[PDB]
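Structure, as structure tokens:
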Amino acid sequence: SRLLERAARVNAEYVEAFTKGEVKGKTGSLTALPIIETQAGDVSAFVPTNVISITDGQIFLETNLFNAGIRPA
Amino acid sequence: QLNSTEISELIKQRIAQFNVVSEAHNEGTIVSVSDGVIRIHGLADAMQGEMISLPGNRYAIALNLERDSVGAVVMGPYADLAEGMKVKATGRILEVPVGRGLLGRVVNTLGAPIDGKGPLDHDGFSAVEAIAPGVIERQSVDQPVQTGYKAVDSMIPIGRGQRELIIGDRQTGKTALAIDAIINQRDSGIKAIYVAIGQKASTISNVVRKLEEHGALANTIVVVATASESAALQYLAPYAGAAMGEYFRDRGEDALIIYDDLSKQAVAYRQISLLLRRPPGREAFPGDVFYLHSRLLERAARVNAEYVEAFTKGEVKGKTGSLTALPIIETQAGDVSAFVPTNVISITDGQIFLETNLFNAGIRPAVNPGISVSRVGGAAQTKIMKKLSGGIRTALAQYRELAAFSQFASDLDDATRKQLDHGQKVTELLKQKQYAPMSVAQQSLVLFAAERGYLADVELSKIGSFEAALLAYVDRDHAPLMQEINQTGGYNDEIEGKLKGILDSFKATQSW
Amino acid sequence: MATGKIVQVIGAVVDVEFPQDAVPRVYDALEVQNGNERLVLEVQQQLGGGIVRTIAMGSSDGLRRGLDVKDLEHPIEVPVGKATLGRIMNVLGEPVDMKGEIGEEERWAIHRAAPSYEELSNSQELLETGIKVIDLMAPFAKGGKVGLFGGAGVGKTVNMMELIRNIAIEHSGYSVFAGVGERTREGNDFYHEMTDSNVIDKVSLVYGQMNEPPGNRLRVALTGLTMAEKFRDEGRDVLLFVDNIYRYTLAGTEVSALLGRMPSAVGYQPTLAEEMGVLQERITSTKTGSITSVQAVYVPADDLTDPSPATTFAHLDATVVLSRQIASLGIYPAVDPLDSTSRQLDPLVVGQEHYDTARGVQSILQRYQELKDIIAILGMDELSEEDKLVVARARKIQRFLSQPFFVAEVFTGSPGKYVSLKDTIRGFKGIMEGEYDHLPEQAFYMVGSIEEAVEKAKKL
Amino acid sequence: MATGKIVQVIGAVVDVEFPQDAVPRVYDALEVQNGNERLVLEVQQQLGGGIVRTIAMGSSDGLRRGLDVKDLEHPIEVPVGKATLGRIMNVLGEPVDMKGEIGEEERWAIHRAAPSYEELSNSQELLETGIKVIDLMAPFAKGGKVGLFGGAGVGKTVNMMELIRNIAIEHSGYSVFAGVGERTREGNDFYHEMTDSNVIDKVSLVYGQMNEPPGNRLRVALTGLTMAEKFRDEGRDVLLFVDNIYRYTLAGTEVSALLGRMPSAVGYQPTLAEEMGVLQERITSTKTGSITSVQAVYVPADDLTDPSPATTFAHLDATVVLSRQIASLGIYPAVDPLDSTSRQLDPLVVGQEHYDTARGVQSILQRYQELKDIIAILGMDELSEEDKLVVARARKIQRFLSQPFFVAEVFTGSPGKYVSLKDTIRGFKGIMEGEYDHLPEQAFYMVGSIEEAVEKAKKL
Amino acid sequence: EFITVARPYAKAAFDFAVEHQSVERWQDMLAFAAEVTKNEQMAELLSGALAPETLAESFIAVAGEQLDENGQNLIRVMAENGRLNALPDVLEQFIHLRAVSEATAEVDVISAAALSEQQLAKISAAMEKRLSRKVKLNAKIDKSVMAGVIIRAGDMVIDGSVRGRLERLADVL
Ligand SMILES: Nc1ncnc2c1ncn2[C@@H]1O[C@H](COP(=O)(O)OP(=O)(O)OP(=O)(O)O)[C@@H](O)[C@H]1O
Ligand SMILES: Nc1ncnc2c1ncn2[C@@H]1O[C@H](COP(=O)(O)OP(=O)(O)O)[C@@H](O)[C@H]1O
Ligand SMILES: Nc1ncnc2c1ncn2[C@@H]1O[C@H](COP(=O)(O)OP(=O)(O)O)[C@@H](O)[C@H]1O
Ligand SMILES: [Mg+2]
Ligand SMILES: [Mg+2]
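Protein chains in written order, with the entry's author numbering: chain A, 295 to 367; chain C, 2 to 513; chain E, 0 to 459; chain F, 0 to 459; chain W, 2 to 174.
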């Protein structure tokens with residue numbers, strides 16, 4: 295969590311204060327795409343549960359689709 | 002903050018004089034007793050694997066030499082022991098009495114006789130734990146071990162120095178097949194050993210008198226560790242049996258050994274390991290367990306004559322010895338995707354899988370093709386049997402899978418009415434009654450008559466009477482050849498003509 | 000003279016400290032004055048420094064630290080012999096009936112080794128129980144183990160009472176009933192039903208029920224067994240009933256957890272297959288006598304692979320299944336002949352004629368099992384002329400299996416019958432090979448030998 | 000000279016006490032006079048008091064505590080280079096065939112760092128194997144890693160022997176074979192095959208077979224990999240065959256608990272992934288030389304999700320997954336084409352026609368898998384007249400994936416077949432588009448190119 | 002805390018001291034070791050992972066006033082086990098054991114002010130009748146009692162303080 299909550303969009307006043315001027319109007323952003331591997335598609339594991347609870351969304355890639363030819367699955 | 006087996010009066014003895022090592026290093030005192038595991042204090046001279054002698058006549062095996070105490074396991078009734086008993090270390094690594102004089106005796110795992118016939122005429126002692134012959138000392142297994150059974154000798158051939166797992170569910174003829182192989186081995190010079198692990202004593206007594214009836218017992222050693230007996234005896238019992246087989250192996254003879262349930266050896270070793278607080282793994286078995294079975298079964302080997310010369314100090318020049326192991330494994334509900342069954346499948350050469358469905362349906366012995374294999378293969382067989390039996394196990398693998406898939410009807414009848422009638426005729430022919438061993442000559446002529454079509458049309462059934470007549474007609478008159486073909490195993494067009502002439506004469510004259 | 004001191008009390012586990020040299024042995028029994036009542040402790044482990052860890056054969060509440068403990072120099076000892084017939088006792092061999100006292104002449108320790116290899120009987124023999132279904136489809140080896148798998152209402156208790164009766168009257172043995180880890184209600188009503196049937200004079204009862212501390216439920220089976228062993232030494236044939244061996248396993252698991260040992264394959268104790276074998280190996284035939292055993296078995300979650308069923312089935316020689324469907328048909332005993340099993344149905348063991356008779360009966364019944372389903376959807380008149388005959392013979396075989404029991408007269412009034420093995424072999428050969436086709440199926444119902452079936456058909 | 004003493008012996012691990020000014024480093028070797036033999040210990044940990052935990056590279060029995068041990072101040076070192084070619088060696092680099100000493104000029108420590116990142120090299124050069132399924136589904140390149148996954152008895156070793164025969168004989172550079180915890184019988188049968196084929200002069204052999212104690216099995220893969228690394232640094236290109244890598248991790252699990260490390264997920268050592276990656280990362284091709292390697296990877300209890308297979312899968316480039324279900328069919332090679340993959344199965348590397356043929360084979364085999372559950376319940380008749388066509392083609396594909404092997408020529412009598420990449424894509428492309436719709440399924444079982452299937456169809 | 006680790010060593014030391022008629026010397030020896038155990042520099046040494054043997058020698062050296070039987074053996078056995086920090090408790094346990102065999106009780110009395118030495122002698126003789134030991138009173142002047150006395154005889158206590166009666170009355174209300 296304290297790794298992933300570091301990916302943020304930041305408003306113009308934070309940028310202008312952090313850089314002590316020299317930047318104005320602009321917003322900062324950092325986008326995070328963590329990757330997780332699941333064992334036989336089980337989501338009920340420990341680390342998958344935590345990371346699925348932390349993030350803003352999930353892209354589920356499945357092997358039954360990938361084998362059928364639907365790529366990206 | 003916890004104590005570490007330092008107690009008031011031992012601390013007092015150290016108080017009297019710190020260097021208590023001025024006393025004998027040869028002995029110590031029991032400090033605790035729990036579920037057959039024992040902790041001993043003293044024994045500075047003890048070495049791992051050593052036999053420790055207890056009051057009475059009992060032994061313990063030193064497993065742990067810790068900072069200040071020895072952890073051991075008791076090979077017998079442990080409840081008689083108590084704290085403070087004086088204990089002496091024999092300077093001997095665990096050793097069992099061994100020799101040819103053990104043949105026909107029933108002995109405890111320690112080689113103490115259990116029949117009423119008095120002491121043993123053993124040759125010497127040999128270490129229970131040993132490392133098998135190295136990669137360069139082996140020789141290729143290329144000699145047959147004929148069993149009683151037409152199904153296994155045709156499909157799953159066993160050779161001198163091979164290791165054949167016999168795996169199946171409970172009550173499927175695992176013991177029947179192994180003891181019936183022991184019975185067939187008499188009058189063929191190869192010795193046999195039967196190690197009953199975790200068996201109930203009524204069954205062991207039954208099979209011992211059943212081996213005595215057939216005259217097999219004079220040929221074989223029996224090692225017994227019944228279900229009542231301490232787990233240390235149970236898991237050590239197969240290593241004692243292997244130590245007895247290995248003597249014959251290293252003297253350049255042939256021996257056969259049956260471990261009557263490795264799957265109970267594993268449970269006894271799991272008990273000993275969990276009592277010693279070791280972290281378990283899959284199915285709660287220790288991490289060791291594969292090493293448990295591997296170091297045991299790799300001992301069954303065939304050794305080249307240079308190794309027999311180097312071992313016997315020249316005395317036996319130019320003979321090759323072997324030990325042939327047939328461990329039995331019992332699997333719950335017929336699945337082989339289990340930890341211990343798959344461990345032993347990973348160690349043994351072949352695999353005879355006995356199936357419960359076939360066994361109920363009356364196909365006995367229930368040798369399931371396709372799953373069962375021999376990784377040595379045709380090199381074990383006599384060339385007559387090799388040439389006659391060819392690829393039939395794979396043919397049945399597909400015949401079984403296709404009769405399972407094509408259930409609705411016999412559609413696409415190109416030759417499936419021949420193929421499936423042949424596969425039925427063969428499965429009916431392989432069925433055999435126990436304690437009726439067929440010589441290689443009888444198996445060869447029957448499989449010849451079956452395999453190349455000569456009876457694929459006649460689904461008469463009545464098959465058992467046809468075979469029992471055929472083998473009598475050839476025994477009484479038609480074949481002096483039986484004594485010849487049982488000796489040479491030779492395959493020749495001349496002999497094929499001889500046998501096909503007998504086959505046509507019987508098949509024309511006699512209506513089954 | 001007491002010599003030990005209680006040093007810990009944690010649940011049912013009690014640690015007591017002795018002089019460094021007087022340490023008790025492993026299975027010795029100690030005792031303590033827990034207020035006014037005396038309490039018995041069975042030692043389980045010897046720890047370092049004279050400390051000994053034991054389990055209380057009773058309620059642990061009220062024990063102080065420092066109480067004086069007296070070391071009895073022997074294991075738990077119980078009364079044995081004729082004196083115990085018709086009584087009720089607990090683990091400690093104390094009467095929990097109120098008829099007073101047991102005038103035993105001798106007392107035996109409950110712990111001992113199984114018979115030696117040279118001591119087992121060098122023979123194999125059957126036990127004629129007198130019940131047609133059991134004698135035919137699932138014979139009893141003299142000295143074997145038998146499993147009972149039925150549920151409730153199926154008449155299990157009447158089966159046990161009929162066995163207790165027949166082993167005493169027709170044979171000349173006694174019986175021991177060890178009720179381990181079962182309802183007190185059922186033991187009370189079972190005692191009342193056995194005294195209302197004049198069989199109480201022939202059976203000795205021992206009870207450790209569900210309301211008992213773990214050690215009682217653990218050692219009650221060994222108390223029952225050591226009484227059966229005293230009957231064996233006298234030269235008799237004995238029956239030992241274990242009302243639920245699964246509860247013996249489960250109480251061993253509880254005690255193992257209390258002692259703090261690591262959990263085995265499914266949480267069971269690591270010593271499971273040893274604790275089971277140490278019991279089941281004493282139930283054997285010997286060349287002085289024999290103990291046969293009938294054990295009610297319970298399969299957790301209907302799983303025949305669970306370590307407890309898997310360990311128990313290794314020992315059972317025969318298996319009798321009781322089904323409610325057979326009882327709804329009004330057939331008693333409600334033994335299911337298709338699933339009932341015995342490893343003594345081996346044509347070399349019991350003979351070719353008996354073997355093939357049982358196999359024929361089974362094949363007939365499992366054909367009828369499918370013809371019944373065809374009838375249920377297509378009607379009777381769809382069956383060919385051959386199937387209509389196997390149905391007619393199946394419905395008669397299915398009824399010749401019923402029997403009147405000497406103990407069931409209070410229900411059916413019939414005098415009750417003891418049927419010899421060869422006579423039921425004759426009867427089923429008859430019915431099966433078309434003989435006796437010329438009488439109605441009701442002429443076989445609730446009757447003894449087949450001659451009584453033909454005579455009932457005459458009267459009918 | 001000898002300066003330390005044994006203070007504990009727990010199975011395979013030994014604790015040794017030294018003066019605190021002379022304590023060995025954390026991978027040095029030590030020597031002990033075990034009876035009359037000489038035993039080598041490798042130190043794994045430095046505990047605090049001049050004590051040291053070590054693993055015995057040999058049998059541990061006979062060790063007393065208090066023996067003197069001698070501090071060799073260098074790690075385990077093995078002979079390396081040209082001198083070690085036609086010979087078999089121990090884990091300690093000692094010769095194990097009965098020939099004389101090894102004539103090496105140089106010896107290398109078996110613990111070494113992996114090559115740097117700027118030093119690696121990657122190659123697209125496709126390597127051709129005679130095996131239809133392996134090169135069609137999972138083609139692998141020169142200098143890549145191949146791994147064969149399977150349970151027990153599925154075909155890992157027979158396939159590795161076929162790969163040895165088909166690449167490694169018609170290959171110029173030297174070769175190294177490491178037997179890690181497998182059968183000595185198969186090592187002897189391999190050594191005699193090589194010596195009777197006069198190719199032994201090119202194949203260096205190391206054996207630490209399953210009879211050896213844990214230390215030999217643990218280190219033997221590292222000592223075989225050191226010899227492969229030496230041949231790589233000379234600028235050559237090398238073949239490395241590892242006959243069961245799983246045994247390396249298993250020997251680490253067996254030792255792990257004794258070293259006092261808390262157990263992990265399923266029992267495995269906490270360091271499973273680092274122990275595996277420290278070996279796996281240094282078996283790689285560099286800019287000076289290339290190592291092509293085939294590893295067998297046993298999967299326990301057929302569980303592909305067990306931590307050891309799951310953490311092994313990331314290291315390899317081509318993974319071939321054998322399955323027991325397909326072997327039970329008798330369809331060897333029992334490759335699962337829906338689980339096998341390669342890094343090289345891309346259209347830019349392989350070419351569009353190969354890529355499309357492989358994807359079409361996967362697509363219709365997946366569609367057949369999706370049909371199987373409805374075929375199991377309802378039966379086939381319910382399928383669409385489209386669905387029956389993809390089922391018939393998928394079954395014909397499953398048969399055509401089978402192939403006879405020159406090394407399997409002793410389990411079946413069939414002659415071995417070598418199938419070129421062109422012929423296999425020509426046949427699979429022919430089957431998929433229905434030009435062979437008229438042949439029976441048995442025409443495709445155990446054949447070479449499709450022109451042998453058309454012939455086999457004539458003979459039924 | 003390590004009462005449980007100190008029990009065996011205290012029992013061994015005492016049971017040895019009565020075989021050699023020197024309980025009184027052993028007590029002062031253990032008291033000396035218990036004081037050396039508390040020093041700030043020695044407590045830094047005992048935490049350090051020296052070899053038990055050299056750490057024992059580094060502990061013998063700072064105490065030469067010690068028997069061959071007592072220091073050079075007990076300290077070494079405790080060092081092998083790493084128990085030296087337990088010495089302050091091995092002392093107390095030792096004392097207690099002695100008081101047990103000598104049939105003595107260290108009754109403590111607490112009061113708001115000094116007792117008349119007739120009150121206190123009556124207390125002695127009365128506790129010696131309540132118990133079955135020679136008592137050894139020691140008083141404490143605690144003002145919060147205000148009047149009366151507390152008599153503590155181990156885990157048994159008799160409270161006659163007016164504060165105790167006041168707070169009990171407070172809870173009767
Ligand atoms: N080929 C056969 N034909 C007929 N009966 C057989 C045959 N083989 C075995 N039997 C019988 O089937 C029963 C089971 O055999 P057996 O008891 O040896 O099986 P098992 O698997 O060894 O049993 P367990 O697993 O309990 O040890 C026995 O009564 C035996 O006589
Ligand atoms: N041999 C028999 N003859 C007649 N009726 C029987 C017989 N066996 C059982 N029954 C009937 O089945 C009932 C089952 O009740 P019960 O024996 O209490 O079941 P359980 O003992 O399993 O609790 C009996 O009360 C009786 O009515
Ligand atoms: N192509 C094949 N033809 C015939 N049998 C095969 C083939 N491939 C594998 N097998 C069978 O697989 C069995 C075990 O093969 P092996 O390589 O030893 O398995 P593993 O090494 O994976 O345990 C052998 O008995 C062999 O007959
Ligand atoms: Mg059996
Ligand atoms: Mg393999």
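The beta-carbon is built from N, C-alpha and C at its ideal position, and this holds for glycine as well.
Is residue i close to ligand 3? I mean its beta-carbon at under 6 Å from any heavy atom of the ligand.
i      : result
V153/C : no
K155/F : yes
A177/F : no
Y260/C : no
Is any heavy atom in ligand 4 found nearer than 6 Å to the beta carbon of residue i?
i      : result
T221/C : no
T423/E : no
Specify, as a first and last residue, the run of the alpha helix (DSSP H) that residue i falls within.
i             : result
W513/C        : Per DSSP, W513/C belongs to no alpha helix (DSSP H) and is neither H nor E.
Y190/F        : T183 to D195
residue 522/C : Look at the range of chain C in this structure, 2 to 513, and you will see that residue 522/C is not part of it.
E369/E        : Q351 to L377
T2/E          : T2/E -> no alpha helix (DSSP H), and no H or E assigned at all.
Taking the beta strand (DSSP E) that residue i falls in, what are its first and last residues?
i      : result
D154/C : Careful: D154/C lies outside any beta strand (DSSP E), inside the alpha helix (DSSP H) at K151 to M156.
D251/C : First-last for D251/C: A232 to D251, but that is the alpha helix (DSSP H), not the beta strand (DSSP E).
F240/F : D236 to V241
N33/E  : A28 to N33
With a threshold of 6 Å (Cβ to nearest heavy atom), would residue i be considered close to ligand 2?
i      : result
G152/E : yes
Flag this pair as touching only if the region 172 to 185 of chain E and the region 328 to 344 of chain E have three or more C-beta atom pairs under 8 Å; answer yes or no. Contact between the region 172 to 185 of chain E and the region 328 to 344 of chain E is absent, because fewer than three Cβ pairs lie under 8 Å.
Taking contact to mean 3 or more Cβ pairs, one atom from each stretch, closer than 8 Å, check whether the region 189 to 198 of chain C and the region 245 to 265 of chain C are in contact. Yes, since at least three Cβ pairs between the region 189 to 198 of chain C and the region 245 to 265 of chain C fall closer than 8 Å, the two stretches touch.
So within the region 67 to 133 of chain C, which uninterrupted beta strand (DSSP E) runs reach at least 3 residues, ignoring any that extend past its ends? List check, beta strand (DSSP E) in window: 70 to 75, 87 to 94, 96 to 99 and 125 to 128.
What ranges does the beta strand (DSSP E) occupy inside the region 45 to 105 of chain E, keeping only unbroken runs of at least 3 residues that lie completely in it? Runs of the beta strand (DSSP E) inside the region 45 to 105 of chain E: 50 to 55, 67 to 70 and 76 to 79.
Counting only runs that start and end within the region 371 to 417 of chain C, where is the alpha helix (DSSP H) found for 4 or more residues in a row? Within the region 371 to 417 of chain C, the complete alpha helix (DSSP H) runs of at least 4 residues are 384 to 390 and 393 to 406.
Say whether the region 279 to 298 of chain E touches the region 116 to 128 of chain E, bearing in mind that this needs 3 or more beta-carbon pairs closer than 8 Å, one atom from each stretch. Yes, the region 279 to 298 of chain E is in contact with the region 116 to 128 of chain E.
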